[PDB]
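To start, the structure itself, in structure tokens.
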Amino acid sequence: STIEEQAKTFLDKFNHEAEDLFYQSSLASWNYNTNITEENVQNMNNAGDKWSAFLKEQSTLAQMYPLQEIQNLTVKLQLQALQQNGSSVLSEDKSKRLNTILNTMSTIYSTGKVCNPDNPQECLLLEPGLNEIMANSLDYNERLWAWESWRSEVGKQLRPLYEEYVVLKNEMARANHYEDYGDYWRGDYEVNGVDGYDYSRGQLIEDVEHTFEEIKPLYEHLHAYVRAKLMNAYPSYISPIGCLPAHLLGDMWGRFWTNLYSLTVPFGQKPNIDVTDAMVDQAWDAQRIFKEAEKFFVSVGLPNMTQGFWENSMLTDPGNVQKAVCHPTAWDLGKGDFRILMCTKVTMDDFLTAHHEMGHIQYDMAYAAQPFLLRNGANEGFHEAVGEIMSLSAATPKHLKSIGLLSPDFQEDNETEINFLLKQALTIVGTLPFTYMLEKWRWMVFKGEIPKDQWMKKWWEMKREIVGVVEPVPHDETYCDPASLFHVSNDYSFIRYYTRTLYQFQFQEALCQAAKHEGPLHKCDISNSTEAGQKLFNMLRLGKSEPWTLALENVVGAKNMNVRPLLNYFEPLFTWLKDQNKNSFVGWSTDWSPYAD
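In this text, residue positions in the sequence shown follow full-length UniProt numbering: the first is 19, and each later residue adds one.
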């Protein structure tokens, strides 16, 4: 007859009512992704608005239950994420303005078209269009045109809408008892009420800017090497003392740096690793790729997947008769139903993608017993962190040799491991400072460290301060360059893509030491060792029921988040760079600019 028992029965009624409508709402979404149809575009809308109304009404009926007089930390964990008013605190007109701004941001970015009024042939789409010329072009102006002009038609029309977004989200957060919306976004990592494990939202910056203080060395040699060797590509434009132009970072912006490898190979005469020539000869299909990826998880002790998983997942493009957006996504429909979406093809990268998205499915399989609010990762960067460590063990030549794909007598030397390390670090570390600078800018603008008149000046300063990237052409206040990214335009959280990597190496190191590997960490494998899989499962089975510090402790043993596994993983590459960069300019100087004439 007290608050703690009334909260439990209310949560029982909520979870026994949230689960079944969540299934109904996600089924329509999956049916729309499989079948892009007008009849389906409204079905998921009806279903999603029903569940949106459900969560709002349950949030309202949960708001008479104080958090101070409930002691059970489980019930408190359920209540703290359900009590969140979010958009409920603002007026109807402000809610209308925010949602029109929301569906305008996505619309303008998605339907942004580039064209040349002087040359009709210079008109192309984004995928597989505009990114392609930013993908495989070796000319400077070729990338320059669709770099500056990309933000000419979309990088101007979101500046005032985002200016209004900043101010309305400030009240979005302040009315909910936060300092800023930057303080609302850093709220997932907040842990309170756990003695010794209590984590505050203000400590996130204190830890992130400290962890970057040990990542800066490796990155400055990466930048020094890349700038030293791109003068073989662009000798007449780029200084080997200054920094790099933004249009040569691999994509329209430069988040991922996979695209530089084909031009920045360490050794060219060696034969790079690939089975793409191996499944064509040996008759592997999407079924068999998944079946062999399953054995990876079976070896470490993880249970076999559901019978319905195979009969409900989508594996191969259903021809031209039906058009399905098949971005690689893992789907947890609940009620024991889980599916995966990807247009599978016969290539090694699709094998790594299959493993990466298969880890997500297995991880979500682990916490089925958790309630419908605890059926999520402890932190946001934790869900994509459990899914890539399989991929790091899926690219090891030892792994490919035991399955009969890779040649049994491939010689592995100091030139093969090192090129593998360049391929991975240029991809997994080339993204960390860019994620950090982006979220740091979001935090100083959302706390209001900047006025209007230097909104983007102090943006290119931190690109030229953190990642060391100069602009080919100066930008005045009129545009909006940060908004060009999809995650900024639709306003997601991004530091999940800096913190996921740093969980990745901690987990990999702890796991393959628990597997008793003798040798450098960059090749250690997790298969055929149940003692590490059982340790990992005892972590995956908690999910959100425990604080992320304790979740890190039960595996790695540290409540802190560390870079030491990162430096162990890239120590051999670090060593190559030291004696490779004896004559290059370690570091950068801010005075340099390509247009400083």
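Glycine included, each C-beta is placed from N, C-alpha and C at the ideal position.
1. Take the Cβ of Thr229 as the centre, count every other Cβ of all protein chains shown within 10 Å, and call the residue buried at 16 or more, exposed below.
2. List the DSSP bridge partners of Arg357.
3. Mapping the DSSP letters down to three states, classify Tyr454 as helix, strand or coil.
4. So, does the segment 162-181 touch the segment 494-512, judging by three or more C-beta pairs under 8 Å?
5. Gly405: which of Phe390, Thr347, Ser420 sits nearest, CA to CA?
6. What first and last residue would you give for the alpha helix (DSSP H) that runs through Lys534?
7. What runs of the alpha helix (DSSP H), each 4 residues or longer, lie entirely inside the segment 260-345?
8. Does the segment 482-494 come into contact with the segment 193-211, if we say contact requires no fewer than three beta-carbon pairs (one atom in each stretch) closer than 8 Å?
9. Quick check: the Cα distance between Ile544 and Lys363, rounded to an integer number of angstroms?
10. Keeping to the same chain, check which residues put their C-beta closer than 7 Å to that of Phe452; ignore five residues upstream and five downstream.
11. How about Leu351 and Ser44: do their beta carbons lie closer than 7 Å?
12. Between the C-alpha atoms of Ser155 and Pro258, what's the straight-line distance to the nearest angstrom?
13. Name the two residues that bound the continuous alpha helix (DSSP H) containing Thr52.
14. Straight-line CA distance for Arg559 to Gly575?
15. Please name the residue, chosen from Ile126, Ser128, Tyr127, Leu143, that lies closest to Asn134 on a Cα-to-Cα basis.
16. Starting from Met366, trace the alpha helix (DSSP H) in both directions and tell me its first and last residue.
17. Comparing C-alpha positions only, which one of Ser507, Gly605, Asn572, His493 sits nearest to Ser170?
18. When the distance is taken between beta carbons, is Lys541 closer than 7 Å to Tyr279?
19. Distance, Cα to Cα, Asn137 vs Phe72?
20. Between which two residues does the alpha helix (DSSP H) harbouring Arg161 extend?
21. Does the separation of the CB atoms of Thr414 and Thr276 fall below 7 Å?
22. Are the beta-carbon atoms of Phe315 and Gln388 separated by less than 7 Å?
23. Under 8 Å: do the segment 428-437 and the segment 577-586 share three or more Cβ pairs, one atom per stretch?
24. Any idea what DSSP makes of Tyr613, helix, strand or coil?
25. Can you tell me which of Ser425, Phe390, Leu108, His401 puts its alpha carbon nearest to the alpha carbon of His374?
Inspection of the coordinates gives the following:
1. buried
2. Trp349
3. helix
4. yes
5. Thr347
6. Per DSSP, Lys534 belongs to no alpha helix (DSSP H) and is neither H nor E.
7. Whole alpha helix (DSSP H) segments, 4+ residues: 294-300, 304-317, 325-330.
8. Cβ pair count under 8 Å is below three, so no.
9. 26 Å
10. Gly272, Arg273, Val485
11. Yes, these two residues count as a Cβ contact at 7 Å.
12. 21 Å
13. 21-52
14. 17 Å
15. Measuring from the Cα of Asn134, the nearest candidate turns out to be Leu143.
16. Unbroken alpha helix (DSSP H) run through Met366: 366-384.
17. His493
18. Taking the C-beta atoms as reference points, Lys541 is found no nearer than 7 Å to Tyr279.
19. Straight-line Cα distance between these residues: approximately 53 Å.
20. 158-166
21. no
22. At a Cβ-Cβ threshold of 7 Å, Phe315 and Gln388 do not count as neighbours.
23. no
24. coil
25. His401
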